[PDB]
Each structure stands twice: as structure tokens, then as C-alpha cells.
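Only one chain comes next, encoded as C-alpha cells, the form deposited in one PDB entry.
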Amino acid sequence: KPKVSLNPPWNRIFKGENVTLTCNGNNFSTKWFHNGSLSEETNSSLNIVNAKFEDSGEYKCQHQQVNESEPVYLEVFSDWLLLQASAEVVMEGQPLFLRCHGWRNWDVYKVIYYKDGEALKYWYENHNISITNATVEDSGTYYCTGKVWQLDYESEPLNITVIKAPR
């Protein structure tokens, strides 16, 4: 029962960005499955360079633990704004991180986050928001808006569900 982790953390990235996938920490060869297809990659870390839409999908890893890991889903976008989340499924009590990310890392200003239409009441800083103690109420669909260069943009919406800690 290994686990795929990403670095950076975001599973929603921009076309052309990089993301590294690592199979669990007890592993000191690895088997990777992209959309259920055995990869040619055998190291404990899978590197996705200059992300393609094709790289989107389900990724599972396999170590000498005779049991594949839970899947992880990657999605590549091309837009001016992209709402990134630490997780699309957060356990109650854990933190939830959101980031209104701009294409090419352009600076984003006047960042506003929305949850089910309503603009977030929580207090937050520019383009990086931290929700420390996730609650069932933090479930909802989110998206953000911000000013890039001289115009105002809006990211695609994302759905975030908060489940209970137990099993």
C-alpha cells in the first residue's frame, strides 16, 4: 500500500509546467501506471516535463508490496487563471490550501475566491489562501478571479469535498 505524492503539490497544473511523482517512502524497481497502462518508467520517481494534455490522467505506482497505490489524478490546463488546491478531497480537521495561479506565474492582483457563488468570508492574503481546520462546510465549488496585467480574469471552477477522518 504505497502512495503517490506530487512535488509541487498541485495536481492541476498549466500546460508546459513540471511536476514530479514519487512512489511511497519505504521504497529503497518501481512500476507506474498511467491511465492503467504500464509505464516504461521504473524509478521511484516519475518526472513529467513540459506537461502535455496527454499527461493528464490517473497515476498509480507499484512497489514490492504486491498492492498498487490509490490513484492520483493529474489535469493539465491552458488558461490565464487556474485555481489549484492541495486536495479535492480533504479530511475533516486537516488544512486546505488554495492558490489562484497565473499563467507563466504572472502576478495576479485583486484576488477574490468564491465558494458556491459567494465570495469567501475567510481572511486571506494575495493569491494564497490557507483554510486550517477543514469542516464539512468547506465543501463546495470554488473558483477565483484576479487582475492579470490590465484585465480581470476568472478561473474554471473546482469542486472540493470534505470527508470525515475515520476509515
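For every residue, the number given is its place in the sequence shown, counted from 1. For clarity, a rigid core is taken as the largest C-alpha set superposing within 1.5 Å between two forms. Only residues modelled in both forms are compared.
Beyond the structure shown, there is the form deposited with a partner chain bound, which is absent from this document and is the topic of what follows.
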query: Segment that reaches the partner chain in the entry with it bound - one of 138 to 146, 112 to 120, 43 to 51, 97 to 105, heavy atoms within 4.5 Å; finding: 97 to 105
query: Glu75: touches the partner chain in the entry with it bound, heavy atom cutoff 4.5 angstroms; finding: no
query: Any non-hydrogen atom of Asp79 within 4.5 angstroms of the partner chain in the entry with it bound; finding: yes
query: Of the candidates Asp116, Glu125, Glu70, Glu54, the only Cα that travels 2 Å or more between this form and the one not shown, given a rigid-core fit; finding: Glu125
query: Closer or farther in the entry with it bound, the Cα atoms of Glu125 and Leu98, when the shift from this form is 3 Å or more; finding: farther
query: In the entry with it bound, shift in Cα separation for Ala87 relative to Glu125, 3 Å or more; finding: farther
query: Mobile segments between this form and the one not shown - rigid core superposition, Cα shift of 2 Å or more, 3+ residues; finding: 121 to 127
